[PDB]
Amino acid sequence: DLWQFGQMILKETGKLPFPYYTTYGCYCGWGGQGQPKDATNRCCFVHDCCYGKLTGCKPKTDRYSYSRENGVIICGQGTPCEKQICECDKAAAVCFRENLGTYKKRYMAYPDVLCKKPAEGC
Ligand SMILES: CCCCCCCCCCCCCCCCCC(=O)O
Ligand code: NA
């Protein structure tokens, strides 16, 4: 669920998920518009697409099992929805960590007027 995704983000990046990954670029936030502005933004875009594939699941409310061992997130046993949601969340959290080097404070609260057409497609 979103509480768990938030904890993953904090564990992987050392940043609180709000505001650092809720108001960044064009896609780190609710949905998005336009094209991803950098690597971190593309992680958010991919995560949105990942959730999009889970048509029969409720990714923001379904709580799943996971652990984090030798610095690796391990999605635990569960329903197919729980497992797939966990894997979407893990991938995005790791993606954020891997692109912290290019995280730009400039892109927090990125003006929605610059998230211009054409939209990137999943
Ligand atoms: C007045 C309201 C203040 C704002 C609300 C504060 C509470 C926010 C709780 C955050 C929990 C985890 C949020 C997960 C964010 C996911 C980001 C993303 O889509 O990449
Ligand atoms: Na988004």
# chains A, B, ... in the order shown; residues from 1 in each chain; ligands from 1

$ residues_near_ligand --ligand "ligand 2" --cutoff "6 Å" --atoms "only C-alpha atoms and all ligand atoms" --output "PyMOL selection string"
chain A and resi 27-32+44-45+48

$ write_last_selection --atoms "N, CA and C atoms" --output "compact mmCIF listing (two decimals), in the first residue's frame"
# COMPACT_ATOMS: atom_id res chain seq x y z
N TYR A 27 6.06 13.54 -13.49
CA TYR A 27 5.38 12.29 -13.17
C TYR A 27 5.51 11.86 -11.72
N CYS A 28 6.38 12.49 -10.94
CA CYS A 28 6.48 12.14 -9.52
C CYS A 28 5.40 12.91 -8.78
N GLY A 29 4.29 12.26 -8.59
CA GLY A 29 3.08 12.92 -8.16
C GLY A 29 1.92 12.13 -8.71
N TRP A 30 0.73 12.69 -8.57
CA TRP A 30 -0.48 12.01 -9.01
C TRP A 30 -0.53 11.99 -10.52
N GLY A 31 -0.45 10.80 -11.10
CA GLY A 31 -0.42 10.71 -12.56
C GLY A 31 0.71 11.53 -13.14
N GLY A 32 0.43 12.21 -14.25
CA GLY A 32 1.42 13.12 -14.79
C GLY A 32 1.02 13.53 -16.18
N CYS A 44 9.32 7.50 -11.85
CA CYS A 44 7.94 7.71 -11.47
C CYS A 44 6.99 7.32 -12.59
N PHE A 45 7.36 7.69 -13.83
CA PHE A 45 6.56 7.33 -14.99
C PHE A 45 6.42 5.82 -15.11
N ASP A 48 4.08 4.46 -12.56
CA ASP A 48 2.68 4.67 -12.92
C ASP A 48 2.23 3.62 -13.92

$ select_by_dssp --residues "range 62-107 of chain A" --states "strand (DSSP E)" --output "list in words"
residues 66, 67, 68, 69, 72, 73, 74 and 75 of chain A

$ residues_around --residues "residue 81 in chain A" --least-positions-apart "4" --cutoff "8 Å" --atoms "only C-alpha atoms" --output "PDB file with N, CA and C atoms, in the first residue's frame"
ATOM      1  N   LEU A  54      -1.929  -3.346 -13.487  1.00  0.00           N
ATOM      2  CA  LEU A  54      -2.545  -4.158 -12.440  1.00  0.00           C
ATOM      3  C   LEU A  54      -4.029  -3.804 -12.338  1.00  0.00           C
ATOM      4  N   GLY A  56      -6.894  -5.444 -12.107  1.00  0.00           N
ATOM      5  CA  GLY A  56      -7.728  -6.021 -11.076  1.00  0.00           C
ATOM      6  C   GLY A  56      -7.245  -5.826  -9.653  1.00  0.00           C
ATOM      7  N   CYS A  57      -6.164  -5.079  -9.442  1.00  0.00           N
ATOM      8  CA  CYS A  57      -5.588  -4.879  -8.121  1.00  0.00           C
ATOM      9  C   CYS A  57      -5.889  -3.470  -7.631  1.00  0.00           C
ATOM     10  N   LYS A  58      -5.677  -3.253  -6.329  1.00  0.00           N
ATOM     11  CA  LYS A  58      -5.805  -1.936  -5.701  1.00  0.00           C
ATOM     12  C   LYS A  58      -4.449  -1.577  -5.099  1.00  0.00           C
ATOM     13  N   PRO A  59      -3.517  -1.079  -5.919  1.00  0.00           N
ATOM     14  CA  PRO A  59      -2.136  -0.881  -5.452  1.00  0.00           C
ATOM     15  C   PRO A  59      -1.988   0.080  -4.289  1.00  0.00           C
ATOM     16  N   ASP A  62      -3.795  -2.141  -1.038  1.00  0.00           N
ATOM     17  CA  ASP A  62      -3.440  -3.531  -0.753  1.00  0.00           C
ATOM     18  C   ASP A  62      -2.099  -3.595  -0.039  1.00  0.00           C
ATOM     19  N   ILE A  85       2.209  -5.776  -6.916  1.00  0.00           N
ATOM     20  CA  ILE A  85       2.305  -4.413  -6.371  1.00  0.00           C
ATOM     21  C   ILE A  85       3.653  -4.209  -5.684  1.00  0.00           C
TER      22      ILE A  85
END

$ select_by_dssp --residues "chain A" --states "helix (DSSP H, G or I)" --output "short mmCIF file (atom, residue, chain, number, x, y, z; two decimals) with N, CA, C and O atoms, in the first residue's frame"
data_model
loop_
_atom_site.label_atom_id
_atom_site.label_comp_id
_atom_site.auth_asym_id
_atom_site.auth_seq_id
_atom_site.Cartn_x
_atom_site.Cartn_y
_atom_site.Cartn_z
N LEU A 2 0.27 2.42 -0.03
CA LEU A 2 1.11 3.60 -0.20
C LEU A 2 1.96 3.87 1.02
O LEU A 2 3.04 4.44 0.89
N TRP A 3 1.50 3.46 2.21
CA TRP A 3 2.38 3.58 3.37
C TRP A 3 3.64 2.75 3.18
O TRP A 3 4.74 3.18 3.53
N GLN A 4 3.50 1.55 2.61
CA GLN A 4 4.66 0.70 2.40
C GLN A 4 5.57 1.24 1.32
O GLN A 4 6.80 1.23 1.48
N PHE A 5 5.00 1.70 0.20
CA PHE A 5 5.82 2.29 -0.85
C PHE A 5 6.61 3.46 -0.28
O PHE A 5 7.81 3.60 -0.55
N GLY A 6 5.96 4.27 0.56
CA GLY A 6 6.67 5.38 1.19
C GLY A 6 7.84 4.93 2.03
O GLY A 6 8.92 5.54 1.99
N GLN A 7 7.66 3.85 2.80
CA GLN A 7 8.75 3.37 3.65
C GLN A 7 9.91 2.85 2.80
O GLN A 7 11.07 3.08 3.12
N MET A 8 9.59 2.18 1.69
CA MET A 8 10.61 1.70 0.76
C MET A 8 11.42 2.85 0.20
O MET A 8 12.65 2.77 0.07
N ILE A 9 10.73 3.91 -0.21
CA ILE A 9 11.41 5.08 -0.73
C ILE A 9 12.35 5.63 0.32
O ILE A 9 13.50 5.98 0.02
N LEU A 10 11.86 5.76 1.56
CA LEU A 10 12.71 6.31 2.61
C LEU A 10 13.92 5.42 2.86
O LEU A 10 15.05 5.91 2.97
N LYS A 11 13.70 4.10 2.93
CA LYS A 11 14.80 3.16 3.15
C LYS A 11 15.82 3.21 2.02
O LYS A 11 17.03 3.16 2.27
N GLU A 12 15.36 3.31 0.77
CA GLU A 12 16.28 3.24 -0.35
C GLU A 12 16.97 4.56 -0.64
O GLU A 12 18.11 4.57 -1.10
N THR A 13 16.29 5.69 -0.41
CA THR A 13 16.84 6.98 -0.81
C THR A 13 17.31 7.82 0.36
O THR A 13 18.04 8.79 0.13
N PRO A 17 9.27 10.45 1.38
CA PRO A 17 8.59 10.40 0.08
C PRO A 17 7.83 11.68 -0.23
O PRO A 17 7.72 12.05 -1.41
N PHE A 18 7.28 12.34 0.78
CA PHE A 18 6.72 13.68 0.67
C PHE A 18 7.67 14.64 1.36
O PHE A 18 8.01 14.42 2.53
N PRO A 19 8.12 15.70 0.69
CA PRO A 19 7.73 16.14 -0.66
C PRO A 19 8.62 15.65 -1.81
O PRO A 19 8.34 15.97 -2.98
N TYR A 20 9.69 14.92 -1.51
CA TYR A 20 10.76 14.75 -2.49
C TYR A 20 10.34 13.94 -3.70
O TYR A 20 10.87 14.16 -4.80
N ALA A 39 15.99 11.31 -15.01
CA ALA A 39 15.94 9.88 -14.68
C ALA A 39 14.95 9.61 -13.56
O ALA A 39 14.16 8.66 -13.64
N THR A 40 15.00 10.40 -12.49
CA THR A 40 14.07 10.21 -11.38
C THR A 40 12.63 10.32 -11.86
O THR A 40 11.76 9.52 -11.47
N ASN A 41 12.34 11.32 -12.69
CA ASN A 41 11.00 11.45 -13.24
C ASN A 41 10.61 10.22 -14.06
O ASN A 41 9.45 9.76 -14.02
N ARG A 42 11.55 9.65 -14.79
CA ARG A 42 11.22 8.46 -15.56
C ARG A 42 10.90 7.28 -14.64
O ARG A 42 10.02 6.47 -14.96
N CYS A 43 11.59 7.18 -13.49
CA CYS A 43 11.23 6.15 -12.51
C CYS A 43 9.77 6.27 -12.11
O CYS A 43 9.05 5.27 -12.00
N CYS A 44 9.32 7.50 -11.85
CA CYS A 44 7.94 7.71 -11.47
C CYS A 44 6.99 7.32 -12.59
O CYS A 44 5.91 6.75 -12.35
N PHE A 45 7.36 7.69 -13.83
CA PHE A 45 6.56 7.33 -14.99
C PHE A 45 6.42 5.82 -15.11
O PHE A 45 5.32 5.29 -15.28
N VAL A 46 7.54 5.12 -14.99
CA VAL A 46 7.51 3.66 -15.08
C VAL A 46 6.64 3.08 -13.97
O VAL A 46 5.87 2.13 -14.19
N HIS A 47 6.75 3.63 -12.75
CA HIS A 47 5.93 3.13 -11.65
C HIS A 47 4.44 3.31 -11.96
O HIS A 47 3.62 2.43 -11.67
N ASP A 48 4.08 4.46 -12.56
CA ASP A 48 2.68 4.67 -12.92
C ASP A 48 2.23 3.62 -13.92
O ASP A 48 1.13 3.07 -13.79
N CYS A 49 3.06 3.34 -14.92
CA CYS A 49 2.73 2.31 -15.91
C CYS A 49 2.60 0.95 -15.26
O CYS A 49 1.73 0.16 -15.63
N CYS A 50 3.52 0.64 -14.35
CA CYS A 50 3.49 -0.62 -13.63
C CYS A 50 2.16 -0.80 -12.91
O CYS A 50 1.50 -1.84 -13.03
N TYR A 51 1.74 0.23 -12.15
CA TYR A 51 0.45 0.16 -11.49
C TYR A 51 -0.67 0.03 -12.51
O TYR A 51 -1.68 -0.64 -12.27
N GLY A 52 -0.51 0.69 -13.66
CA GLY A 52 -1.54 0.65 -14.68
C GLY A 52 -1.80 -0.76 -15.18
O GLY A 52 -2.94 -1.11 -15.50
N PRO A 80 -1.33 -12.86 -5.83
CA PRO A 80 -0.67 -12.30 -7.02
C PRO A 80 -0.69 -10.79 -7.05
O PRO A 80 0.31 -10.18 -7.45
N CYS A 81 -1.80 -10.17 -6.65
CA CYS A 81 -1.83 -8.71 -6.58
C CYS A 81 -0.78 -8.20 -5.61
O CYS A 81 0.02 -7.31 -5.96
N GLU A 82 -0.75 -8.73 -4.38
CA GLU A 82 0.23 -8.25 -3.41
C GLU A 82 1.64 -8.38 -3.95
O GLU A 82 2.46 -7.46 -3.81
N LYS A 83 1.94 -9.50 -4.60
CA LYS A 83 3.30 -9.70 -5.07
C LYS A 83 3.64 -8.72 -6.19
O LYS A 83 4.72 -8.12 -6.20
N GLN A 84 2.71 -8.53 -7.14
CA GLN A 84 2.99 -7.65 -8.27
C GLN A 84 3.07 -6.20 -7.84
O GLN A 84 3.93 -5.45 -8.34
N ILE A 85 2.21 -5.78 -6.92
CA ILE A 85 2.30 -4.41 -6.37
C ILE A 85 3.65 -4.21 -5.68
O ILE A 85 4.36 -3.22 -5.93
N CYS A 86 4.04 -5.15 -4.81
CA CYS A 86 5.34 -5.06 -4.17
C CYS A 86 6.47 -4.92 -5.20
O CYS A 86 7.38 -4.10 -5.03
N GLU A 87 6.40 -5.69 -6.30
CA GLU A 87 7.49 -5.62 -7.26
C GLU A 87 7.52 -4.28 -7.98
O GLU A 87 8.61 -3.76 -8.27
N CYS A 88 6.35 -3.71 -8.28
CA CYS A 88 6.31 -2.36 -8.83
C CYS A 88 6.96 -1.38 -7.88
O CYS A 88 7.75 -0.52 -8.30
N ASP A 89 6.60 -1.48 -6.60
CA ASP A 89 7.12 -0.52 -5.62
C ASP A 89 8.62 -0.68 -5.45
O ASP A 89 9.35 0.31 -5.38
N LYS A 90 9.10 -1.92 -5.32
CA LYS A 90 10.52 -2.17 -5.19
C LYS A 90 11.28 -1.58 -6.37
O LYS A 90 12.31 -0.92 -6.21
N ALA A 91 10.78 -1.80 -7.59
CA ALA A 91 11.50 -1.33 -8.76
C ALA A 91 11.65 0.18 -8.74
O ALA A 91 12.72 0.71 -9.06
N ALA A 92 10.59 0.88 -8.36
CA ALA A 92 10.66 2.34 -8.35
C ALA A 92 11.58 2.83 -7.24
O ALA A 92 12.40 3.73 -7.47
N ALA A 93 11.49 2.22 -6.06
CA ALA A 93 12.35 2.65 -4.97
C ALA A 93 13.82 2.45 -5.33
O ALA A 93 14.65 3.33 -5.08
N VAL A 94 14.15 1.30 -5.93
CA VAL A 94 15.53 1.06 -6.34
C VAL A 94 15.93 2.05 -7.43
O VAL A 94 17.04 2.60 -7.42
N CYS A 95 15.03 2.29 -8.38
CA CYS A 95 15.28 3.27 -9.44
C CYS A 95 15.61 4.64 -8.86
O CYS A 95 16.53 5.32 -9.33
N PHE A 96 14.84 5.07 -7.86
CA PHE A 96 15.13 6.36 -7.22
C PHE A 96 16.54 6.36 -6.64
O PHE A 96 17.30 7.32 -6.81
N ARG A 97 16.89 5.29 -5.91
CA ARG A 97 18.22 5.22 -5.31
C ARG A 97 19.30 5.31 -6.37
O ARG A 97 20.29 6.03 -6.21
N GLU A 98 19.11 4.60 -7.48
CA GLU A 98 20.13 4.54 -8.50
C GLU A 98 20.31 5.86 -9.22
O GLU A 98 21.34 6.06 -9.87
N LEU A 100 19.76 8.99 -7.61
CA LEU A 100 19.91 10.09 -6.66
C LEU A 100 20.96 11.09 -7.11
O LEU A 100 20.84 12.29 -6.84
N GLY A 101 22.00 10.60 -7.80
CA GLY A 101 23.05 11.48 -8.28
C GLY A 101 22.53 12.61 -9.13
O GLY A 101 23.08 13.72 -9.11
N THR A 102 21.46 12.38 -9.89
CA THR A 102 20.92 13.40 -10.78
C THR A 102 19.62 14.01 -10.27
O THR A 102 18.96 14.73 -11.02
N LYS A 105 17.07 19.56 -7.04
CA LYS A 105 16.13 20.31 -6.21
C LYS A 105 15.29 21.26 -7.06
O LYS A 105 14.13 21.53 -6.72
N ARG A 106 15.85 21.74 -8.17
CA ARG A 106 15.11 22.57 -9.12
C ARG A 106 13.80 21.91 -9.52
O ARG A 106 12.82 22.60 -9.81
N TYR A 107 13.79 20.58 -9.64
CA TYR A 107 12.62 19.94 -10.18
C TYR A 107 11.57 19.64 -9.12
O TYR A 107 10.50 19.15 -9.48
N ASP A 112 3.72 22.93 -13.38
CA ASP A 112 2.96 22.08 -14.28
C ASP A 112 2.82 22.68 -15.67
O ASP A 112 2.41 21.97 -16.58
N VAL A 113 3.15 23.96 -15.86
CA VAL A 113 3.05 24.57 -17.19
C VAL A 113 4.15 24.15 -18.13
O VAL A 113 4.08 24.43 -19.33
N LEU A 114 5.18 23.49 -17.62
CA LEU A 114 6.26 23.00 -18.45
C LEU A 114 6.14 21.51 -18.75
O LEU A 114 7.01 20.96 -19.42
#

$ closest_residue --among "A:1, A:120, A:21, A:16" --to "ligand 1" --atoms "only C-alpha atoms and all ligand atoms"
A:21

$ closest_residue --among "A:60, A:109, A:79, A:55" --to "ligand 1" --atoms "only C-alpha atoms and all ligand atoms"
A:60

$ atom_distance --atom1 "CA of residue 74 in chain A" --atom2 "CA of residue 36 in chain A"
27.7 Å

$ atom_distance --atom1 "CA of residue 118 in chain A" --atom2 "CA of residue 35 in chain A"
7.0 Å

$ residues_around --residues "residue 33 in chain A" --least-positions-apart "5" --cutoff "6 Å" --atoms "only C-alpha atoms" --output "tab-separated table (two decimals) with N, CA and C atoms, in the first residue's frame"
chain	number	residue	atom	x	y	z
A	26	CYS	N	7.49	15.91	-13.86
A	26	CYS	CA	6.16	15.81	-14.44
A	26	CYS	C	5.38	14.59	-13.99
A	115	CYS	N	5.08	20.86	-18.26
A	115	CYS	CA	4.83	19.45	-18.57
A	115	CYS	C	3.93	19.44	-19.79
A	119	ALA	N	2.63	13.70	-24.62
A	119	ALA	CA	2.82	12.84	-23.47
A	119	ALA	C	3.61	11.60	-23.86

$ closest_residue --among "A:24, A:69, A:77, A:14" --to "ligand 1" --atoms "only C-alpha atoms and all ligand atoms"
A:24

$ atom_distance --atom1 "CA of residue 23 in chain A" --atom2 "atom 17 (C, counted along the ligand's line) of ligand 1"
8.2 Å

$ decode --residues "range 1-85 of chain A" --atoms "C-alpha atoms" --output "mmCIF file, in the first residue's frame"
data_model
loop_
_atom_site.group_PDB
_atom_site.id
_atom_site.type_symbol
_atom_site.label_atom_id
_atom_site.label_comp_id
_atom_site.auth_asym_id
_atom_site.auth_seq_id
_atom_site.Cartn_x
_atom_site.Cartn_y
_atom_site.Cartn_z
ATOM 1 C CA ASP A 1 0.000 0.000 0.000
ATOM 2 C CA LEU A 2 1.109 3.601 -0.204
ATOM 3 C CA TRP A 3 2.378 3.580 3.374
ATOM 4 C CA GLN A 4 4.656 0.695 2.400
ATOM 5 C CA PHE A 5 5.818 2.293 -0.851
ATOM 6 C CA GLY A 6 6.666 5.378 1.189
ATOM 7 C CA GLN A 7 8.751 3.373 3.646
ATOM 8 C CA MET A 8 10.605 1.702 0.755
ATOM 9 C CA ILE A 9 11.410 5.075 -0.728
ATOM 10 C CA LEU A 10 12.706 6.310 2.612
ATOM 11 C CA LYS A 11 14.796 3.162 3.154
ATOM 12 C CA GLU A 12 16.277 3.242 -0.355
ATOM 13 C CA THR A 13 16.843 6.977 -0.807
ATOM 14 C CA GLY A 14 17.089 8.414 2.683
ATOM 15 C CA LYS A 15 14.514 10.998 1.572
ATOM 16 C CA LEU A 16 10.993 11.334 2.909
ATOM 17 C CA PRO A 17 8.590 10.403 0.078
ATOM 18 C CA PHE A 18 6.724 13.675 0.673
ATOM 19 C CA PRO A 19 7.731 16.135 -0.663
ATOM 20 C CA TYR A 20 10.762 14.748 -2.490
ATOM 21 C CA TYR A 21 8.988 12.130 -4.622
ATOM 22 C CA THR A 22 5.455 13.550 -4.590
ATOM 23 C CA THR A 23 6.134 16.856 -6.280
ATOM 24 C CA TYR A 24 9.064 16.228 -8.616
ATOM 25 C CA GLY A 25 9.179 16.729 -12.344
ATOM 26 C CA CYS A 26 6.159 15.814 -14.436
ATOM 27 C CA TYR A 27 5.385 12.294 -13.173
ATOM 28 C CA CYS A 28 6.478 12.141 -9.517
ATOM 29 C CA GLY A 29 3.078 12.919 -8.159
ATOM 30 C CA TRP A 30 -0.475 12.008 -9.007
ATOM 31 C CA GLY A 31 -0.420 10.710 -12.558
ATOM 32 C CA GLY A 32 1.419 13.116 -14.795
ATOM 33 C CA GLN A 33 1.548 15.029 -18.052
ATOM 34 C CA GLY A 34 4.013 15.473 -20.838
ATOM 35 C CA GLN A 35 7.397 13.808 -20.832
ATOM 36 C CA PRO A 36 9.617 12.726 -17.940
ATOM 37 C CA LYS A 37 12.149 15.456 -17.272
ATOM 38 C CA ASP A 38 15.085 13.321 -16.019
ATOM 39 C CA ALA A 39 15.944 9.884 -14.681
ATOM 40 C CA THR A 40 14.070 10.209 -11.382
ATOM 41 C CA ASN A 41 10.997 11.446 -13.237
ATOM 42 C CA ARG A 42 11.221 8.462 -15.560
ATOM 43 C CA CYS A 43 11.234 6.145 -12.511
ATOM 44 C CA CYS A 44 7.938 7.706 -11.473
ATOM 45 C CA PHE A 45 6.562 7.335 -14.991
ATOM 46 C CA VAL A 46 7.506 3.661 -15.078
ATOM 47 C CA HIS A 47 5.925 3.128 -11.654
ATOM 48 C CA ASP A 48 2.685 4.674 -12.922
ATOM 49 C CA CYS A 49 2.733 2.314 -15.911
ATOM 50 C CA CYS A 50 3.490 -0.624 -13.634
ATOM 51 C CA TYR A 51 0.447 0.156 -11.486
ATOM 52 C CA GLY A 52 -1.539 0.651 -14.684
ATOM 53 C CA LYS A 53 -0.933 -2.958 -15.696
ATOM 54 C CA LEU A 54 -2.545 -4.158 -12.440
ATOM 55 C CA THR A 55 -6.124 -3.657 -13.584
ATOM 56 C CA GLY A 56 -7.728 -6.021 -11.076
ATOM 57 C CA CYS A 57 -5.588 -4.879 -8.121
ATOM 58 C CA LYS A 58 -5.805 -1.936 -5.701
ATOM 59 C CA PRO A 59 -2.136 -0.881 -5.452
ATOM 60 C CA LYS A 60 -2.576 2.064 -3.099
ATOM 61 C CA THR A 61 -4.589 0.114 -0.454
ATOM 62 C CA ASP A 62 -3.440 -3.531 -0.753
ATOM 63 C CA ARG A 63 -0.882 -4.211 1.967
ATOM 64 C CA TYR A 64 1.815 -6.732 1.066
ATOM 65 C CA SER A 65 4.646 -8.637 2.728
ATOM 66 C CA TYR A 66 8.253 -7.738 2.126
ATOM 67 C CA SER A 67 11.583 -7.698 3.874
ATOM 68 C CA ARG A 68 14.871 -6.039 3.126
ATOM 69 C CA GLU A 69 17.965 -8.237 3.490
ATOM 70 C CA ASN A 70 21.606 -7.560 2.563
ATOM 71 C CA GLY A 71 20.436 -4.241 1.159
ATOM 72 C CA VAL A 72 17.979 -5.924 -1.217
ATOM 73 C CA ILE A 73 14.202 -5.604 -1.060
ATOM 74 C CA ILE A 74 12.585 -9.059 -1.069
ATOM 75 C CA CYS A 75 8.890 -9.247 -1.864
ATOM 76 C CA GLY A 76 7.395 -11.935 0.343
ATOM 77 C CA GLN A 77 4.624 -14.452 -0.085
ATOM 78 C CA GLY A 78 1.172 -13.209 -0.943
ATOM 79 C CA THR A 79 -1.670 -12.971 -3.389
ATOM 80 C CA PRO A 80 -0.668 -12.303 -7.018
ATOM 81 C CA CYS A 81 -1.826 -8.714 -6.582
ATOM 82 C CA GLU A 82 0.227 -8.252 -3.407
ATOM 83 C CA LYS A 83 3.301 -9.697 -5.073
ATOM 84 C CA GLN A 84 2.986 -7.655 -8.271
ATOM 85 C CA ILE A 85 2.305 -4.413 -6.371
#
